[PDB]
Each structure stands twice: as C-alpha cells, then as structure tokens.
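S.K.: Got my_file11.cif for you, mmCIF, N, CA and C atoms:
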```
data_data
loop_
_atom_site.label_atom_id
_atom_site.label_comp_id
_atom_site.auth_asym_id
_atom_site.auth_seq_id
_atom_site.Cartn_x
_atom_site.Cartn_y
_atom_site.Cartn_z
N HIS A 6 0.79 -1.24 0.00
CA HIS A 6 0.00 0.00 0.00
C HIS A 6 0.82 1.28 0.00
N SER A 7 0.58 2.12 -1.01
CA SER A 7 1.27 3.40 -1.18
C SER A 7 0.36 4.57 -0.82
N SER A 8 0.99 5.70 -0.48
CA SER A 8 0.25 6.95 -0.35
C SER A 8 -0.25 7.39 -1.72
N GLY A 9 -1.38 8.07 -1.71
CA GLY A 9 -1.96 8.54 -2.95
C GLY A 9 -2.99 7.57 -3.46
N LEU A 10 -3.21 7.67 -4.76
CA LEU A 10 -4.26 6.92 -5.43
C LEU A 10 -3.76 6.10 -6.61
N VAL A 11 -2.49 6.21 -6.97
CA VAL A 11 -1.91 5.43 -8.07
C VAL A 11 -0.72 4.66 -7.51
N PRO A 12 -0.72 3.32 -7.54
CA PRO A 12 0.50 2.58 -7.17
C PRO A 12 1.55 2.69 -8.27
N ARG A 13 2.77 3.03 -7.87
CA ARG A 13 3.90 3.18 -8.77
C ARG A 13 4.81 1.96 -8.68
N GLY A 14 5.85 1.96 -9.51
CA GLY A 14 6.73 0.81 -9.62
C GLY A 14 6.39 -0.03 -10.83
N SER A 15 7.39 -0.71 -11.37
CA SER A 15 7.17 -1.52 -12.57
C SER A 15 6.20 -2.67 -12.26
N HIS A 16 5.23 -2.89 -13.16
CA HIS A 16 4.34 -4.04 -13.09
C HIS A 16 4.17 -4.56 -14.49
N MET A 17 4.84 -5.69 -14.72
CA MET A 17 4.69 -6.50 -15.94
C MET A 17 3.83 -7.69 -15.56
N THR A 18 2.85 -8.00 -16.37
CA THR A 18 1.86 -8.98 -15.98
C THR A 18 1.71 -9.95 -17.13
N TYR A 19 1.91 -11.23 -16.82
CA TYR A 19 1.78 -12.28 -17.82
C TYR A 19 0.32 -12.40 -18.23
N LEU A 20 0.07 -12.45 -19.52
CA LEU A 20 -1.27 -12.55 -20.03
C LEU A 20 -1.63 -13.86 -20.67
N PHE A 21 -0.83 -14.28 -21.62
CA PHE A 21 -1.08 -15.48 -22.32
C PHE A 21 0.05 -15.93 -23.22
N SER A 22 -0.06 -17.18 -23.63
CA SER A 22 0.78 -17.79 -24.63
C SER A 22 -0.09 -18.20 -25.80
N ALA A 23 0.44 -18.06 -27.02
CA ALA A 23 -0.26 -18.43 -28.24
C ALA A 23 0.54 -19.53 -28.92
N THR A 24 -0.14 -20.61 -29.28
CA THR A 24 0.42 -21.69 -30.08
C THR A 24 -0.20 -21.54 -31.46
N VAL A 25 0.62 -21.34 -32.48
CA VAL A 25 0.14 -20.96 -33.80
C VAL A 25 0.61 -22.00 -34.79
N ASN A 26 -0.34 -22.65 -35.45
CA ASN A 26 -0.03 -23.67 -36.44
C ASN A 26 0.18 -23.02 -37.80
N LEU A 27 1.32 -23.32 -38.42
CA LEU A 27 1.71 -22.77 -39.69
C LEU A 27 1.52 -23.80 -40.78
N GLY A 28 0.99 -23.37 -41.90
CA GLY A 28 0.82 -24.34 -42.96
C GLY A 28 1.04 -23.74 -44.32
N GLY A 29 1.77 -24.43 -45.17
CA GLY A 29 1.93 -23.99 -46.52
C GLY A 29 2.70 -22.72 -46.76
N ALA A 30 3.91 -22.59 -46.24
CA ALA A 30 4.67 -21.36 -46.53
C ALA A 30 5.05 -21.22 -48.02
N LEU A 31 5.09 -19.97 -48.46
CA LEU A 31 5.59 -19.60 -49.77
C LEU A 31 7.11 -19.50 -49.73
N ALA A 32 7.73 -19.70 -50.89
CA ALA A 32 9.16 -19.50 -50.99
C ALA A 32 9.45 -18.03 -50.69
N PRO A 33 10.64 -17.72 -50.17
CA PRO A 33 10.98 -16.31 -49.94
C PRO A 33 10.81 -15.45 -51.18
N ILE A 34 10.31 -14.25 -50.94
CA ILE A 34 10.15 -13.24 -51.99
C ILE A 34 11.32 -12.26 -51.86
N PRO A 35 12.10 -12.04 -52.91
CA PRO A 35 13.25 -11.12 -52.82
C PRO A 35 12.80 -9.66 -52.86
N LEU A 36 13.25 -8.88 -51.87
CA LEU A 36 12.87 -7.47 -51.76
C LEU A 36 13.98 -6.57 -52.27
N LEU A 37 13.57 -5.43 -52.83
CA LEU A 37 14.51 -4.37 -53.15
C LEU A 37 15.38 -4.10 -51.95
N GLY A 38 16.68 -4.12 -52.15
CA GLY A 38 17.64 -3.88 -51.09
C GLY A 38 18.27 -5.14 -50.55
N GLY A 39 17.65 -6.28 -50.77
CA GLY A 39 18.28 -7.54 -50.49
C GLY A 39 17.59 -8.36 -49.42
N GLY A 40 16.56 -7.83 -48.78
CA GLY A 40 15.82 -8.58 -47.77
C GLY A 40 14.91 -9.62 -48.43
N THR A 41 14.20 -10.39 -47.59
CA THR A 41 13.16 -11.27 -48.10
C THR A 41 11.89 -11.22 -47.28
N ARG A 42 10.75 -11.42 -47.95
CA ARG A 42 9.46 -11.53 -47.27
C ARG A 42 9.07 -13.00 -47.33
N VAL A 43 8.81 -13.61 -46.17
CA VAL A 43 8.44 -15.01 -46.10
C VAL A 43 7.02 -15.12 -45.62
N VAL A 44 6.12 -15.57 -46.49
CA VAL A 44 4.69 -15.65 -46.18
C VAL A 44 4.38 -17.03 -45.62
N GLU A 45 3.86 -17.06 -44.38
CA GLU A 45 3.51 -18.30 -43.69
C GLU A 45 2.07 -18.22 -43.19
N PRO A 46 1.13 -18.81 -43.94
CA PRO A 46 -0.29 -18.82 -43.54
C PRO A 46 -0.48 -19.55 -42.23
N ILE A 47 -1.46 -19.08 -41.47
CA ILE A 47 -1.80 -19.67 -40.19
C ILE A 47 -3.02 -20.53 -40.37
N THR A 48 -2.94 -21.80 -39.92
CA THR A 48 -4.05 -22.70 -40.15
C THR A 48 -4.91 -22.91 -38.91
N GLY A 49 -4.45 -22.46 -37.76
CA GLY A 49 -5.21 -22.64 -36.54
C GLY A 49 -4.27 -22.41 -35.38
N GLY A 50 -4.75 -22.74 -34.18
CA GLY A 50 -3.94 -22.57 -32.99
C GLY A 50 -4.81 -22.21 -31.79
N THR A 51 -4.14 -21.97 -30.67
CA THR A 51 -4.87 -21.68 -29.44
C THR A 51 -4.10 -20.66 -28.62
N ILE A 52 -4.84 -19.94 -27.80
CA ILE A 52 -4.31 -18.91 -26.91
C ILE A 52 -4.82 -19.27 -25.53
N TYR A 53 -3.92 -19.28 -24.53
CA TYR A 53 -4.31 -19.75 -23.21
C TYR A 53 -3.53 -18.97 -22.18
N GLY A 54 -4.20 -18.58 -21.12
CA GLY A 54 -3.54 -17.97 -20.00
C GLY A 54 -4.53 -17.23 -19.14
N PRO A 55 -4.03 -16.56 -18.10
CA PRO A 55 -4.94 -15.87 -17.21
C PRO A 55 -5.60 -14.67 -17.86
N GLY A 56 -5.03 -14.12 -18.93
CA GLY A 56 -5.50 -12.86 -19.45
C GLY A 56 -6.25 -12.96 -20.76
N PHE A 57 -6.22 -14.12 -21.41
CA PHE A 57 -6.85 -14.30 -22.71
C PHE A 57 -6.87 -15.80 -22.98
N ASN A 58 -7.99 -16.29 -23.50
CA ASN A 58 -8.15 -17.67 -23.97
C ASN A 58 -8.97 -17.60 -25.23
N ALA A 59 -8.50 -18.24 -26.29
CA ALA A 59 -9.12 -18.09 -27.58
C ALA A 59 -8.66 -19.23 -28.47
N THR A 60 -9.42 -19.43 -29.53
CA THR A 60 -9.04 -20.29 -30.64
C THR A 60 -8.72 -19.45 -31.87
N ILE A 61 -7.53 -19.69 -32.44
CA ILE A 61 -7.07 -19.05 -33.67
C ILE A 61 -7.67 -19.82 -34.84
N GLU A 62 -8.32 -19.09 -35.76
CA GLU A 62 -8.90 -19.72 -36.92
C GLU A 62 -8.19 -19.42 -38.22
N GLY A 63 -7.36 -18.39 -38.28
CA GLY A 63 -6.66 -18.13 -39.51
C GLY A 63 -5.83 -16.87 -39.39
N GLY A 64 -5.17 -16.57 -40.50
CA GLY A 64 -4.35 -15.39 -40.67
C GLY A 64 -3.08 -15.74 -41.38
N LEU A 65 -2.05 -14.96 -41.08
CA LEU A 65 -0.76 -15.17 -41.73
C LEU A 65 0.36 -14.52 -40.96
N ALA A 66 1.52 -15.13 -41.03
CA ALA A 66 2.75 -14.52 -40.56
C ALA A 66 3.46 -14.04 -41.82
N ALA A 67 4.00 -12.85 -41.79
CA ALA A 67 4.66 -12.28 -42.96
C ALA A 67 5.91 -11.62 -42.43
N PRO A 68 6.85 -12.42 -41.89
CA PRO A 68 8.15 -11.86 -41.47
C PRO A 68 8.99 -11.38 -42.66
N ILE A 69 9.76 -10.34 -42.38
CA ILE A 69 10.76 -9.82 -43.30
C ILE A 69 12.12 -10.12 -42.69
N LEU A 70 13.02 -10.65 -43.50
CA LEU A 70 14.37 -11.02 -43.07
C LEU A 70 15.31 -10.05 -43.74
N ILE A 71 16.11 -9.33 -42.96
CA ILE A 71 16.93 -8.28 -43.55
C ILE A 71 18.29 -8.31 -42.89
N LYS A 72 19.34 -8.35 -43.69
CA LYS A 72 20.71 -8.36 -43.18
C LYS A 72 21.21 -6.93 -43.06
N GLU A 73 21.68 -6.56 -41.87
CA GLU A 73 22.26 -5.24 -41.67
C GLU A 73 23.48 -5.36 -40.78
N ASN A 74 24.57 -4.72 -41.21
CA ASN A 74 25.87 -4.79 -40.52
C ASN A 74 26.22 -6.25 -40.23
N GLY A 75 25.94 -7.12 -41.19
CA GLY A 75 26.31 -8.51 -41.10
C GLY A 75 25.34 -9.41 -40.35
N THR A 76 24.41 -8.86 -39.59
CA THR A 76 23.48 -9.67 -38.81
C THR A 76 22.10 -9.68 -39.45
N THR A 77 21.42 -10.83 -39.39
CA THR A 77 20.08 -10.96 -39.98
C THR A 77 19.01 -10.76 -38.91
N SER A 78 18.15 -9.79 -39.14
CA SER A 78 17.04 -9.47 -38.26
C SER A 78 15.76 -10.01 -38.86
N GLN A 79 14.77 -10.27 -38.02
CA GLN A 79 13.44 -10.66 -38.46
C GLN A 79 12.43 -9.65 -37.95
N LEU A 80 11.62 -9.09 -38.85
CA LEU A 80 10.54 -8.20 -38.48
C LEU A 80 9.30 -9.06 -38.46
N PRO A 81 8.77 -9.42 -37.31
CA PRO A 81 7.78 -10.52 -37.27
C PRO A 81 6.33 -10.08 -37.38
N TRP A 82 5.99 -9.55 -38.53
CA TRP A 82 4.61 -9.19 -38.84
C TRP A 82 3.70 -10.41 -38.76
N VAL A 83 2.65 -10.33 -37.96
CA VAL A 83 1.65 -11.39 -37.88
C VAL A 83 0.27 -10.78 -37.81
N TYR A 84 -0.68 -11.40 -38.51
CA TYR A 84 -2.07 -10.95 -38.51
C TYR A 84 -2.91 -12.19 -38.29
N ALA A 85 -3.71 -12.22 -37.20
CA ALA A 85 -4.43 -13.42 -36.90
C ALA A 85 -5.78 -13.08 -36.34
N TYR A 86 -6.68 -14.07 -36.45
CA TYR A 86 -8.04 -13.87 -36.00
C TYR A 86 -8.63 -15.21 -35.53
N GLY A 87 -9.73 -15.06 -34.78
CA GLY A 87 -10.44 -16.22 -34.26
C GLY A 87 -11.55 -15.78 -33.35
N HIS A 88 -11.86 -16.65 -32.38
CA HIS A 88 -12.83 -16.34 -31.35
C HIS A 88 -12.27 -16.64 -29.97
N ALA A 89 -12.60 -15.75 -29.05
CA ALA A 89 -12.23 -15.90 -27.66
C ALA A 89 -13.16 -16.92 -27.01
N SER A 90 -12.77 -17.37 -25.83
CA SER A 90 -13.52 -18.44 -25.17
C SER A 90 -14.95 -18.05 -24.85
N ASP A 91 -15.31 -16.77 -24.84
CA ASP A 91 -16.69 -16.37 -24.65
C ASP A 91 -17.43 -16.24 -25.96
N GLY A 92 -16.76 -16.60 -27.06
CA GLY A 92 -17.33 -16.50 -28.39
C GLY A 92 -17.04 -15.20 -29.12
N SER A 93 -16.37 -14.23 -28.47
CA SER A 93 -16.16 -12.90 -29.10
C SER A 93 -15.13 -13.02 -30.22
N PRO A 94 -15.41 -12.49 -31.42
CA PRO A 94 -14.34 -12.43 -32.43
C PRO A 94 -13.18 -11.56 -31.98
N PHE A 95 -11.98 -11.91 -32.40
CA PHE A 95 -10.81 -11.11 -32.13
C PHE A 95 -9.92 -11.02 -33.35
N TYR A 96 -9.09 -9.95 -33.35
CA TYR A 96 -8.09 -9.71 -34.38
C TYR A 96 -6.80 -9.38 -33.65
N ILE A 97 -5.69 -10.03 -34.00
CA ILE A 97 -4.44 -9.75 -33.31
C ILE A 97 -3.45 -9.36 -34.39
N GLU A 98 -2.59 -8.39 -34.09
CA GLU A 98 -1.57 -7.95 -35.03
C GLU A 98 -0.27 -7.85 -34.23
N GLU A 99 0.79 -8.54 -34.69
CA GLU A 99 2.11 -8.41 -34.11
C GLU A 99 2.89 -7.48 -35.02
N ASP A 100 3.41 -6.39 -34.43
CA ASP A 100 4.13 -5.37 -35.19
C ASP A 100 5.49 -5.92 -35.59
N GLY A 101 5.93 -5.59 -36.80
CA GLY A 101 7.22 -6.06 -37.24
C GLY A 101 8.34 -5.23 -36.65
N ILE A 102 8.03 -4.00 -36.30
CA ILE A 102 9.01 -3.02 -35.86
C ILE A 102 8.94 -2.96 -34.34
N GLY A 103 10.07 -3.25 -33.70
CA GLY A 103 10.17 -3.24 -32.25
C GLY A 103 11.34 -2.39 -31.79
N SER A 104 11.14 -1.08 -31.80
CA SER A 104 12.26 -0.15 -31.77
C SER A 104 12.88 -0.03 -30.39
N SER A 105 12.11 -0.33 -29.34
CA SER A 105 12.44 0.19 -28.02
C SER A 105 13.62 -0.49 -27.34
N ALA A 106 14.79 -0.48 -28.00
CA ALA A 106 16.00 -1.08 -27.42
C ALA A 106 15.64 -2.41 -26.76
N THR A 107 14.64 -3.09 -27.33
CA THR A 107 14.13 -4.36 -26.85
C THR A 107 13.93 -5.26 -28.05
N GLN A 108 14.05 -6.57 -27.84
CA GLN A 108 13.82 -7.49 -28.94
C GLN A 108 12.32 -7.67 -29.20
N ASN A 109 11.50 -7.64 -28.15
CA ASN A 109 10.08 -7.95 -28.29
C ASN A 109 9.38 -6.88 -29.13
N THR A 110 8.22 -7.26 -29.68
CA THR A 110 7.39 -6.38 -30.49
C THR A 110 6.04 -6.22 -29.81
N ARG A 111 5.32 -5.16 -30.17
CA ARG A 111 3.98 -4.97 -29.64
C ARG A 111 2.99 -5.89 -30.35
N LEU A 112 2.15 -6.56 -29.58
CA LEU A 112 0.95 -7.24 -30.07
C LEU A 112 -0.21 -6.32 -29.75
N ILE A 113 -1.10 -6.12 -30.70
CA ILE A 113 -2.33 -5.38 -30.45
C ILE A 113 -3.43 -6.41 -30.50
N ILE A 114 -4.28 -6.42 -29.50
CA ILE A 114 -5.37 -7.38 -29.45
C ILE A 114 -6.64 -6.56 -29.51
N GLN A 115 -7.51 -6.86 -30.47
CA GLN A 115 -8.79 -6.18 -30.59
C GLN A 115 -9.87 -7.25 -30.42
N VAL A 116 -10.63 -7.10 -29.36
CA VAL A 116 -11.63 -8.07 -28.94
C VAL A 116 -12.60 -7.33 -28.03
N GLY A 117 -13.88 -7.68 -28.16
CA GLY A 117 -14.93 -7.25 -27.22
C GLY A 117 -15.18 -8.29 -26.15
N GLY A 118 -16.31 -8.13 -25.44
CA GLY A 118 -16.63 -9.18 -24.50
C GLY A 118 -15.74 -9.25 -23.26
N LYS A 119 -15.53 -10.47 -22.78
CA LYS A 119 -14.97 -10.61 -21.44
C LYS A 119 -13.50 -10.16 -21.41
N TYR A 120 -12.81 -10.20 -22.55
CA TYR A 120 -11.40 -9.87 -22.62
C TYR A 120 -11.16 -8.50 -23.22
N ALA A 121 -12.22 -7.69 -23.32
CA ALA A 121 -12.13 -6.40 -24.00
C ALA A 121 -11.05 -5.52 -23.41
N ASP A 122 -10.72 -5.71 -22.14
CA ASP A 122 -9.77 -4.78 -21.57
C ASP A 122 -8.37 -4.99 -22.09
N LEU A 123 -8.10 -6.06 -22.83
CA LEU A 123 -6.81 -6.15 -23.51
C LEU A 123 -6.55 -4.96 -24.44
N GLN A 124 -7.59 -4.32 -24.98
CA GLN A 124 -7.36 -3.18 -25.84
C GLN A 124 -6.68 -2.03 -25.14
N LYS A 125 -6.82 -1.98 -23.85
CA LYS A 125 -6.25 -0.91 -23.07
C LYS A 125 -4.83 -1.16 -22.67
N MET A 126 -4.30 -2.31 -23.00
CA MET A 126 -2.97 -2.64 -22.51
C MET A 126 -1.91 -2.49 -23.59
N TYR A 127 -0.68 -2.34 -23.12
CA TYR A 127 0.51 -2.36 -23.96
C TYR A 127 1.09 -3.75 -23.83
N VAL A 128 0.87 -4.57 -24.85
CA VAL A 128 1.23 -5.98 -24.82
C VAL A 128 2.47 -6.25 -25.68
N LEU A 129 3.48 -6.89 -25.08
CA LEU A 129 4.69 -7.25 -25.80
C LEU A 129 4.72 -8.75 -25.99
N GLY A 130 5.11 -9.17 -27.18
CA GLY A 130 5.16 -10.59 -27.52
C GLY A 130 6.56 -11.02 -27.92
N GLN A 131 6.91 -12.26 -27.55
CA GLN A 131 8.18 -12.91 -27.83
C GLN A 131 7.90 -14.10 -28.74
N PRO A 132 8.10 -13.99 -30.04
CA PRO A 132 7.80 -15.14 -30.90
C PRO A 132 9.01 -16.04 -31.09
N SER A 133 8.70 -17.31 -31.29
CA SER A 133 9.68 -18.33 -31.63
C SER A 133 9.00 -19.38 -32.49
N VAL A 134 9.80 -20.21 -33.14
CA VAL A 134 9.28 -21.13 -34.14
C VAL A 134 10.07 -22.42 -34.05
N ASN A 135 9.40 -23.53 -34.28
CA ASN A 135 10.12 -24.80 -34.31
C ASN A 135 10.83 -24.96 -35.65
N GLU A 136 11.77 -25.91 -35.70
CA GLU A 136 12.65 -25.99 -36.86
C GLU A 136 11.93 -26.51 -38.10
N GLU A 137 10.88 -27.28 -37.91
CA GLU A 137 10.04 -27.74 -39.01
C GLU A 137 9.14 -26.64 -39.55
N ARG A 138 9.14 -25.46 -38.91
CA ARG A 138 8.27 -24.34 -39.31
C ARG A 138 6.81 -24.77 -39.40
N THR A 139 6.41 -25.60 -38.45
CA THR A 139 5.02 -26.00 -38.37
C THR A 139 4.29 -25.34 -37.22
N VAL A 140 5.00 -24.85 -36.20
CA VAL A 140 4.35 -24.25 -35.03
C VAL A 140 5.17 -23.05 -34.56
N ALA A 141 4.50 -21.93 -34.38
CA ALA A 141 5.07 -20.75 -33.76
C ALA A 141 4.46 -20.56 -32.39
N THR A 142 5.26 -20.03 -31.48
CA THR A 142 4.81 -19.79 -30.13
C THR A 142 5.09 -18.34 -29.79
N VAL A 143 4.15 -17.71 -29.08
CA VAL A 143 4.30 -16.33 -28.61
C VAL A 143 3.90 -16.31 -27.14
N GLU A 144 4.68 -15.57 -26.35
CA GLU A 144 4.46 -15.44 -24.92
C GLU A 144 4.26 -13.95 -24.67
N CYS A 145 3.16 -13.57 -24.04
CA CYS A 145 2.77 -12.16 -24.01
C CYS A 145 2.51 -11.65 -22.59
N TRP A 146 3.04 -10.46 -22.31
CA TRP A 146 2.85 -9.77 -21.04
C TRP A 146 2.47 -8.32 -21.33
N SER A 147 1.80 -7.71 -20.37
CA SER A 147 1.53 -6.29 -20.42
C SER A 147 2.66 -5.51 -19.74
N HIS A 148 2.92 -4.30 -20.27
CA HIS A 148 3.94 -3.38 -19.79
C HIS A 148 3.32 -2.03 -19.51
N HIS A 149 4.05 -1.17 -18.80
CA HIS A 149 3.55 0.19 -18.59
C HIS A 149 3.82 1.06 -19.83
N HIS A 150 2.75 1.62 -20.38
CA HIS A 150 2.77 2.55 -21.53
C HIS A 150 3.95 3.52 -21.50
#
```
Can you dump the structure from the file as structure tokens?

M.R.:
Amino acid sequence: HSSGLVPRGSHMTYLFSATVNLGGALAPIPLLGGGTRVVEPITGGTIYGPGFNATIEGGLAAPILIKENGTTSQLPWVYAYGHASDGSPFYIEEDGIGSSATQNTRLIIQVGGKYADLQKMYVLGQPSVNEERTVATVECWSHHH
C-alpha cells in the first residue's frame, strides 16, 4: 500500500501464450535492397492464460528477413483472427518493428466481451518457431505505456 491513489513501480503482468499452427509457406520473396518476405499462412492454434483464452482460426505470418551490418534481423509481422472463449471475435496484429532497445514487439489485441480490456494494454510478444516451421509460439505480457 502506497500513499496517494496510483501505485507506482514496474508491473509486468503475464497474459497469455499463443500456439500458432503454420501451414503452406511460400518461398521467400526477394525485396529491393536484399531482404526477403516469407509468407507463412496460419491454419489454426490456441491462446491460453490468465488474461486471454481463444481459438485461432486463420491469418498469416509475414516476417521480413533483412541483413544489416552482417546480422540478420526478423521483423515478425503477424495478422491473426479467431474467437475468444466467450465467443467474441478477435483480431491480433504483431508489429514487425520493435524499436524500443528491446527485442520484443507490440501485439495489439482487438476483442470485445470478457477480454475487451486487452485493448487498453501495452502488450509485448516474444515469438519463436520450431525448426520444421510447423508451429510458432508467442508469450505475451503487459507493460507500462
């Protein structure tokens, strides 16, 4: 308990993990400047945790791979949709650009219903992928704006 009406101090709060099934990737597309766009359709998946539970029904991952100063970066653009456990439709977008001297990128979650308050949060996601490129995983927490 603090004096005043707003508690201060860092509070990062775990929200959920997303398991994303990938199916049918396209061959890399060569971009002006030397990068590549890799299109990976999403065939399904699930989201589970204290802050969000949902079934993924579709979308796509569209990472860009770009070599700069010898190192290859991935801009992990993802667009996905489905229904939350209360039946509410949702749309999720993972930003490819994660500037904040941090590796993670912002996930924006747009959903009504029981999980609507996710729209008010600043959500950061950590994506990873298995070597068969069949399943991607994202782990998401809220941060202070």

S.K.: Show which residues sit within 7 Å of range 27-35 of chain A, as a PyMOL selection string. Count all atoms listed in the file, and ignore same-chain residues fewer than 5 positions away.

M.R.: chain A and resi 40-49+138-141

S.K.: Enter the distance from atom N of residue 125 in chain A to atom C of residue 103 in chain A, in Å, rounded to one decimal.

M.R.: 19.8 Å

S.K.: Which is closer to residue 17 in chain A than all the others in A:59, A:128, A:134, A:123, using only C-alpha atoms?

M.R.: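 Of all the options, A:128 lies closest to residue 17 in chain A.
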
S.K.: For the structure shown, which residues end up in the PyMOL selection byres ((chain A and resi 80) around 8)? Put them as a ChimeraX atom specification, please?

M.R.: /A:67-71,77-79,81-83,99-103

S.K.: Rounded to one decimal in Å, what is the spacing between atom C of residue 61 in chain A and atom N of residue 104 in chain A?

M.R.: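 That distance, rounded to one decimal, is 26.7 Å.
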
S.K.: A:65, A:112, A:126, A:37: which is nearest residue 22 in chain A, counting only C-alpha atoms?

M.R.: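 Of the candidates, the smallest distance to residue 22 in chain A is held by A:112.
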
S.K.: Given the PyMOL selection byres ((chain A and resi 113) around 5) and the file above, list the residues it selects as a ChimeraX atom specification.

M.R.: /A:97-98,111-112,114-115

S.K.: Tell me which residues the PyMOL selection byres ((chain A and resi 132) around 8) grabs here, as a PyMOL selection string.

M.R.: chain A and resi 81+108-110+129-131+133-134+141-145

S.K.: What parts of range 37-125 of chain A does DSSP call strand (DSSP E or B)? I'd like the answer as a count of residues only.

M.R.: 49

S.K.: Could you tell me how far atom C of residue 9 in chain A sits from atom N of residue 55 in chain A, in Å to one decimal place?

M.R.: 28.2 Å

S.K.: Please list as a list in words every residue within 9 Å of residue 118 in chain A, counting only C-alpha atoms and excluding residues in the same chain fewer than 3 positions away.

M.R.: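 The residues satisfying every condition are residues 89, 91, 92, 93, 94, 121 and 122 of chain A.
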
S.K.: DSSP on the backbone, then: every residue of chain A marked helix (DSSP H, G or I), written as a ChimeraX atom specification.

M.R.: /A:118-125

S.K.: Calculated over all atoms listed in the file, which of the candidates A:85, A:23, A:127, A:7 has the smallest distance to residue 150 in chain A?

M.R.: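 Closest candidate: A:127.
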
S.K.: Using all atoms of range 72-75 of chain A that appear in the file, construct an axis-aligned enclosing box with 8 Å of padding on every side and provide its centre coordinates and edge lengths in Å, rounded to one decimal, as lines of an AutoDock Vina configuration file.

M.R.:
```
center_x = 22.8
center_y = -7.1
center_z = -42.0
size_x = 23.0
size_y = 20.7
size_z = 19.5
```

S.K.: Counting only C-alpha atoms, I want the residues whose atoms come within 10 Å of (5.5, 0.2, -17.2) in the file frame, returned as a count of residues only.

M.R.: 11
